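# Residue-level structural notes
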Amino acid sequence: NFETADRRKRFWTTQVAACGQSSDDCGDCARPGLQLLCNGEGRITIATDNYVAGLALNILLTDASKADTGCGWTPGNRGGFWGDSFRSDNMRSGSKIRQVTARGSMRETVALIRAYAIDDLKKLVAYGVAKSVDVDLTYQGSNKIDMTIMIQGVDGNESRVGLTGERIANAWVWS
Amino acid sequence: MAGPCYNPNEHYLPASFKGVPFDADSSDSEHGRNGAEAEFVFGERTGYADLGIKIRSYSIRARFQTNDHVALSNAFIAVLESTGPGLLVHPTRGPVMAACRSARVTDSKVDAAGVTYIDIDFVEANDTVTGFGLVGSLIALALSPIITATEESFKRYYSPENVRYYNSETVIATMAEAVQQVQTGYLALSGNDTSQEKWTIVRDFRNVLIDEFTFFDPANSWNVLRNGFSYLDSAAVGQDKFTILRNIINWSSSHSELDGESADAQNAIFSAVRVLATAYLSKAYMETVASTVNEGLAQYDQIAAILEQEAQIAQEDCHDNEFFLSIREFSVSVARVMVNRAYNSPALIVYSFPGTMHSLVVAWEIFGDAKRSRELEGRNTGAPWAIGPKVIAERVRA
Amino acid sequence: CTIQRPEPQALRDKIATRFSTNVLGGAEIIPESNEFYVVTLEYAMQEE
Amino acid sequence: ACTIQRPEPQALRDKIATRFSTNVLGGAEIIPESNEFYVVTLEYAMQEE
Amino acid sequence: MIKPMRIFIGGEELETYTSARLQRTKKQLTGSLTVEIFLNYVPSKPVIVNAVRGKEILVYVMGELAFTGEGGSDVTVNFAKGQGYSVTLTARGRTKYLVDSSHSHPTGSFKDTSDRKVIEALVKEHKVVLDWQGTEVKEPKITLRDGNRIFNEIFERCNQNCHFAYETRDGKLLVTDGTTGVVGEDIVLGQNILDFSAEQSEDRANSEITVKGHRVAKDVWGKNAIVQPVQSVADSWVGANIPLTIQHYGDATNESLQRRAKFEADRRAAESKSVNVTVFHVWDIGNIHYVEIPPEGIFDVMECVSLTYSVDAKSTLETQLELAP
Amino acid sequence: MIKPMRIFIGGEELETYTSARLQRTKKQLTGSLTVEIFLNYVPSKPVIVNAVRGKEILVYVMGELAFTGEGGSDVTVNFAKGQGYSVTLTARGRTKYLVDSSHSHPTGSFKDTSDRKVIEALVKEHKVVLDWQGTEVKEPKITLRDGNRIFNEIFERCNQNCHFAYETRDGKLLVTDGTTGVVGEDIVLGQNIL
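Residues numbered from 1 in each chain as written, not as in the entry; some residues may be left out. Chains lettered and ligands numbered in written order. Part of a larger assembly, values for the part shown. Heavy atoms only, no water.

In the PDB header, cryo-EM is given as the technique by which the entry was determined, and 3.44 Å as its resolution.

### Observations regarding the sheet that holds strand β9 (residues 86–90) of chain B
Residues and elements named next belong to chain B. Read from one edge of the open sheet, seven strands run β2-β1-β9-β10-β11-β8-β3, paired in antiparallel fashion. On the outer flanks of this sheet lie β2 (20–21) and β3 (24–30), each paired with one strand and no other. Strands β1 (16–17), β2, β8 (57–64), β10 (94–106) and β11 (116–124) of the sheet are contacted by helix α2 (residues 69–80), whose axis makes an angle of about 15° with β11. (Pairing = 2+ DSSP bridges. Helix = DSSP H or I, 4+ residues; strand = E, 2+ residues; numbered from the N terminus. Contact = heavy atoms within 4.5 Å. Axes fitted to C-alpha atoms, helices over the stretch in contact; angles between N-to-C directions.)

### So, the sheet that holds strand β2 (residues 12–13) of chain F
Pairing in this open sheet of four strands is antiparallel, and the strands run β2-β1-β5-β6 (chain F) from one edge to the other. Of all the strands in the sheet, the pair left with one neighbour each is β2 and β6 (65–68) of chain F.

### As for the pattern of salt bridges
Tallying each qualifying case throughout the model produces 50 salt bridges over all chains. B:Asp121 is the partner of B:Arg101 in a salt bridge, and the nearest nitrogen-oxygen pair spans 2.5 Å. With a gap of 20 residues between them, B:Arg101 in strand β10 and B:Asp121 in strand β11 connect regions that are remote in the sequence. Among the residues examined, B:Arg101 registers a relative accessible area of 52% and is labelled exposed. One salt bridge connects E:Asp100 with E:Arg92, and the closest N-O pair in it is separated by 2.9 Å. On the basis of relative accessibility, which here comes to 27%, the residue E:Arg92 falls in the partly exposed class. Taken together, the salt bridges that share partners define one network made up of B:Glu308, B:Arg328, C:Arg18, D:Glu48 and D:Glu49. (Salt bridge = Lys/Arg side-chain N within 4 Å of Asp/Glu carboxyl O. Buried < 20%, exposed > 50% of the residue type's maximum accessible area, 1.4 Å probe, protein only.)

### Quick word on the nonpolar core
In globular proteins that are soluble, nonpolar side chains generally tend to be buried together. Counting residues in each nonpolar core, the largest one holds 63 residues, and the members touching the most others are B:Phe154, B:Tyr158, B:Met175, B:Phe229 and B:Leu232. Taken together, the elements giving at least two residues each to this core come down to α3 (144–157), α4 (168–189), α5 (196–210), α6 (218–235), α7 (242–251), α8 (261–285), α9 (293–314) and α10 (321–344) of chain B. At 14 residues, the largest contribution of residues to this core is made by α8(B). In contact with B:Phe229, not counting residues within four places along its chain, are B:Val182, B:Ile248, B:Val273, B:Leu276, B:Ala277 and B:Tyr280. Grouped together as the second largest cluster of nonpolar side chains are 43 residues, E:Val35, E:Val277, E:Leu323 and F:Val77 included. (Core = buried A, V, L, I, M, F, W, Y, C linked by side-chain atoms within 4.5 Å.)

### Some details on the interface of chain B and chain E
The interface of chain B with chain E comprises 11 residues on the first partner and 11 residues on the second. Across the interface of chain B and chain E, roughly 1,000 Å² is buried in total on both sides, 59% from carbon and sulfur atoms. Considering only the surface of chain B that becomes buried against chain E, B:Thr130, B:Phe132 and B:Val135 emerge as the three largest contributors, covering 61% of it. Here chain B is connected to chain E by zero salt bridges. Our count for the chain B to chain E interface comes out at one residue pair in polar contact. Each residue belonging to the side of chain B that touches chain E can be placed in one class, and the counts come to four nonpolar, seven polar and no charged. (Buried area = accessible area lost by both parts, 1.4 Å probe. Polar contact = N/O pair within 3.5 Å; in protein donor to acceptor, adjacent residues only side chain to side chain. Nonpolar A, V, L, I, M, F, W, Y, C, P; charged D, E, K, R; others polar.)

### Regarding helix α2 (residues 34–47) of chain C
The end-to-end C-alpha separation of α2(C) is 21 Å, in line with the 20 Å expected for 14 residues at 1.5 Å each. Turning to α2(C), its buried residues are C:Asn34, C:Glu35, C:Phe36, C:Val39, C:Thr40 and C:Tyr43. Buried residues in α2(C) make contact with α1 (51–60) of chain A together with α1 (8–23) of chain C. (Expected span 1.5 Å × (residues − 1).)

### Overview of the packing of α6(B) against α8(B)
Residues and elements named next belong to chain B. In contact at an axis separation of 11 Å, α6 and α8 are set at 20° when each is read in the N-to-C sense. Comparing their axes, α8 and α6 come out roughly parallel. Of the two elements, α6 crosses α8, and the hand of that crossing is right-handed. Where α6 approaches α8, its residues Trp 222, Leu 225, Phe 229, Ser 230 and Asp 233 are matched on the opposing element by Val 273, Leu 276, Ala 277, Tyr 280 and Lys 283. (Parallel < 35°, antiparallel > 145°, perpendicular 65-115°, else oblique. Left-handed = near helix turned anticlockwise from the far one by under 90°.)

### Quick look at unusual backbone geometry
Cis geometry is found at the peptide bond from B:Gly388 to B:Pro389, where omega equals 0°. A positive phi is found at A:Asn50, a non-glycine position, where the angle reads about 50°. Its location among the elements puts A:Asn50 in the loop between β4 (42–46) and α1. Positioned with a positive phi, F:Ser44 is a non-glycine residue whose angle comes to about 60°.

### Observations regarding the interface of chain C and chain A
A common way to express how large an interface is: the accessible area buried when the components associate. Contact with chain C, which involves 22 residues of that partner, is made by 27 residues of chain A. Here chain C packs against chain A, burying approximately 2,000 Å² in sum over the two surfaces, 64% of which is carbon and sulfur. When the buried area of chain C at its contact with chain A is split by residue, C:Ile30, C:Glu32 and C:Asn34 rank highest and sum to 33% of it. Inspection of the chain C/chain A interface yields one salt bridge. As a salt-bridge pair, C:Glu32 and A:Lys123 come within 3.7 Å of each other at their nearest N and O atoms.

### Looking at the environment of A:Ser105
Assignment of secondary structure puts A:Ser105 in the loop between α1 and α2 (106–121). Residues A:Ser105 and A:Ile59 lie 46 residues apart in sequence; the distance between their C-alpha atoms is 28 Å.

### Comments concerning α4(B)
Compared with an ideal rise of 1.5 Å per residue, which puts 22 residues at 32 Å, α4(B) spans 33 Å between its outermost C-alpha atoms and is within 8% of the ideal. Turning to α4(B), its buried residues are B:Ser168, B:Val171, B:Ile172, B:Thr174, B:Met175, B:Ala178, B:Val179, B:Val182, B:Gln183, B:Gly185, B:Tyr186 and B:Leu189.

### A closer look at empty space enclosed by the protein
Residue and element names in this part refer to chain E. Its volume calculated, the largest cavity comes out at about 100 Å³. Taken together, the elements giving at least two residues each to the lining of the largest cavity come down to β16 (208–212), β17 (230–234) and α3 (254–271). Of the residues forming the lining of the largest cavity, the biggest block, four residues, is contributed by α3. (1 Å grid on protein atoms, 1.4 Å probe; cavity = no way out; pocket = protein on both sides within 12 Å on 5 of 7 lines; lining within 4 Å. Points joined across faces, edges and corners; volume = space filled by probe spheres on them.)

### Remarks on the packing of aromatic side chains
Throughout the structure, instances matching the rule amount to 29 aromatic pairs over all chains. Summarising the aromatic geometry, the rings of A:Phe11 and C:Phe19 are spaced 5.7 Å apart at their centres and angled 75° between planes, so their arrangement reads as edge-to-face. Here the residue A:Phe11 occupies a position in the segment before β1 (21–23), and C:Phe19 occupies one in helix α1, the pair thus bridging two chains. Note on C:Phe19: relative accessible area 4%, which makes it buried. In textbook terms, an aromatic cluster arises when at least three aromatic residues are bridged by ring pairs, as seen for A:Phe81, A:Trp82, C:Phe36 and C:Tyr37. The aromatic ring of E:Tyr97 is capped on one face by E:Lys96, whose charged end is 3.7 Å from the ring centroid. (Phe/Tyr/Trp six-rings, centres within 6.5 Å; stacked < 30°, edge-to-face > 60°. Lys NZ or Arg CZ within 6 Å of the ring centre and 35° of its normal.)

### Looking at the pairing of strand β8 (residues 86–90) of chain E
Residue and element names in this part refer to chain E. When you tally the buried positions in β8, you get four out of five residues, the bulk of the element. Alignment of strand β4 (residues 32–38) against β8, held across three bridges, turns out to be antiparallel. Bridge pairing links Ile 37 to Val 87 in β8. Where strand β7 (residues 74–76) meets β8, three bridges bridge the pair, whose relative direction is antiparallel. Paired with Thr 76 across the strands is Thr 88, a residue of β8.

### A look at the packing of α1(C) against α2(C)
All names here are of chain C. As a packed pair, α1 and α2 sit with axes 10 Å apart at the nearest point and diverge in direction by 130°. Comparing the axis directions of α1 and α2 gives the class oblique. Between α1 and α2 lies a crossing of right-handed hand. Where α1 approaches α2, its residues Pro 8, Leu 11, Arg 12, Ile 15, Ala 16 and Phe 19 are matched on the opposing element by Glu 35, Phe 36, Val 38, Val 39, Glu 42, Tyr 43, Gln 46 and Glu 47. Here the residues of the contact of α1 with α2 sort into nine nonpolar, one polar and four charged.

### Focus: the arrangement of the chains
With nine pairs of chains in contact overall, the greatest share of contacts is found between chains A and C. With no contact formed, the shortest span from any C-alpha in chain D to any C-alpha in chain F equals 36 Å.

### Side note on a nonpolar patch on the surface
Residues and elements named next belong to chain B. The grouping of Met 1, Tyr 6 and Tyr 12 at the surface amounts to a nonpolar patch, some 350 Å² of accessible area in total. With respect to the helices and strands, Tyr 12 occurs in the loop between α1 (8–11) and β1. What makes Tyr 12 partly exposed here is its relative accessible area of 45%. (Patch = residues over 30% accessible without salt bridge, like charges linked within 9 Å, V, L, I, M, F, W, Y side chains within 5 Å. Areas by Shrake-Rupley, 256 points an atom, 1.4 Å probe, with all protein chains shown as cover.)

### Details of the side chain of F:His103
All names here are of chain F. Examined against the element boundaries, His 103 turns out to sit in the loop between α1 (96–99) and β9 (113–114). Within the structure, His 103 has its side chain in polar contact with the backbone oxygen of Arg 145 (distance 3.0 Å). A polar atom in the side chain of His 103 sits 3.4 Å from the backbone nitrogen of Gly 147. In this structure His 103 touches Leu 122, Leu 144, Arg 145, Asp 146, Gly 147, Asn 148 and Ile 150, once residues within four positions along its chain are discounted.

Quick look at the structure:
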């Protein structure tokens, strides 16, 4: 039959700047969300582009379960998601980059933040959407700090032979 | 390390155990893999086999120097002895779950007063359920639930002794035809068999059909129908049953043209037969390798449509609410397995070669063994010397 | 004959398979995606 | 014979479509072939059960 | 952790069972148990000794009953110059008296009854509740041997009628002709196994089995009761010719011959496919499990025949199974 | 070195016999054998399974035949959490079925014959070639016990006439009243004893 045999489809995906950017004296930042696409006669539809990038936003912008402390937390904000009780992959949803505390000089604290960021985004490889991820951080002074996150993708159809690693599963999103 | 700009407080995590901080002084670990190396007699070659992963183990050393170290040291021992495992923040290996296995506390009053050392020996401990493993099964279908469900629906309406008398003859005649359909199917499958059991089965079929009173009892009628398919299914394995079962489904697509109760007594025979054939047809598909994802999913759609039609009939006017529920649950169960077979049985993927090449060359490049070219024959069209430029093959899992 | 209240795990799996096969064409439900949250919300509506 | 009166299927399928557009898509109807069309149909199937 | 195995004797809990071992087998008439205890002695000071040679014993495994005595069937007191001083107990099933008591039947020869009506009047001299679920069979001639134990006679009679006789987990006597049907678990290689040591053997199989035996009813005697009653049954799984012949110890009837013949077939078939699995952490025998050992391609349903819970104070908490198809 | 022991099973050589053991006893009716074989398994990959419950087995010791099963009488697959995973095999003489089969004699009682003419009608139901070299004896009455094994009856009848009943190294049944007369070695202490 026709070579387009892969029938797997793609659902909605959160996108950056979907709801515009919120400006303030400090700076300008994006406001991610869902995107609406309109036809010529109404009939709005949601966008389904940049799957892996949308997935990364979900991981970063979600608080994971907080560690036990001995004094306790209010039941409302213990963190995490109640739906994780059913997943069988032996992992927990969300992230915990926001649970850092000022320790030592600012240089040390920034270093810890990078360690958490790598630890949480590492889950992308486990799911199989991406084959490798790395984050580079640069400290320039008091108020200007930058982060860059690099995610490596793959084409939908195999083209190389003799790979040291393995062909990542769930690559039908081809990114 | 390299360079004078190191910051050990920035690269080593602060140790802990069950939430109580403590000062770490060393960090070791042990990993590995279990082998089964074997050497033969008089042979110049050896062998090997993998048997699984080896259990890890961690060892740490702690120092207490602050004022009143005996209380902190003595209070920490009360945590290592607490029942059960707990979270451990290894200085370099990160957070893991472990259970203390031993601990030696050293101290002196004249040789070294004011510092207490304590060695530890941790072991990885992953929680396990108490039923020695209740993993699910995803390699076969469940036919017992639907078959029992079909039995109840068929018995509910089929009753030749209560239908109006001038329609009993027609209803019974239909049942005799339904059994004959199974008889023809079985005889076709086992044509070349000559065992002693075939003669007995053939005799049993003839005896039941000749006798005229066998079909007056709903209990007898159902038993003959259910058993007939059981012999039919076990006659052959694989593609041999595709044509036979498809024919029976075709015959059971009719609908009765009588009125009132007589219609129900006749539709029951048709509806019951079609559901049984569909269930057994699904089992047949599970015994063959999916040639392609597109073909494997096409086969599934052929089944879902038939099951969906039967569900609508049983729910047309609340004819049989329980039957409608049973069919609906079975359909989703079929989908869970048929979809998995198509997408994951051999785990096919499309390759993108730069041009047409022979089957032998393609097999060697993708895998590394030209003897595997036989697999590519069934999935790719084109002559053996012009396979490409896009190939369908398995996933290398080195 | 009797049909009773399904168990939690046996119920969530039924929804996930039904949702995947009829909407995503057999695609797996990748955790922490939008479809993952849609599936779990659907299950809650069922159990309540 | 049904004891729980079930409105006509066409009336139901319109109700789900109207509710979905008003809440999620902001008043616009569905494109004939898309994710929104398929989720709506699945929603109708669940009600039947 | 919540105690995954608790023991009870006479209503007073055992808090010092330094080791334990519970076994239940389908190929016998009573289970068994063995609990090791720690004992002390202070010289020139009082000591309290129970030494109760008989009382109820109960074993609950993970909040579930697993063995009913009756108990304290044996007591021994090991001792050593070195390691230490301990005491060992033992127990068996409620039918412990049947397996060791010679029958005291009122008369000693039935006139005309059924097997069920014979089992009831035989075992009810010791107040043991029967749990019957098999098919009743009618016999014209029964005469229990004089002085033969209860174990021999029930085992003998139930073998000819193809009835399994084994004890349950509650204290009854279950006579069954099949499996309990309680679907169990899926023991899959790579998830919970530790060792399997499967096996096959050709020395315990026969392709054709034949039976013979005379008749005893009043109306049949002569040619019809000497040379007529002979029947043959074949396995068809063995591809060779290994003939066997048996004699029937009873009132031969063509239906009864095959019942005995098939009983041998099931026994021989099971002995040729024994498996021994170990599943680490700690329901019942006769259950139905799925197995998967691709190395030798086990993809067949299995019925458990034996069960064993064994524990030790250091690095041992395991279970064993003896499957058969 | 030139292999001082080679084994065959149905004509395909065993190149992985990690151990071996052979026996031949004059005070019995069948020899034996035992071979341990290394076996492998790769998860999520195909495995080819033989599981031969019956086939011929041959053992040659230093370029000389030393056994003739018929083979694969037993198949057990040992397995361990630690050391390794292997398989074991077993075999016995060609008359194995006589050792484990109840007789199916035509009638069940000879009128007047000799022992040789009786052993021929018992063994030849399973096509096992006899190797007779002893003196014939005339027996006015013989009546094989109903259902008794072939091993029991031959052993019973050959005991009262001083007939040894044991196998050869080729796959026959040899009945003899004395030594084969094949002179062997002079086993001398300090030379070859251990």
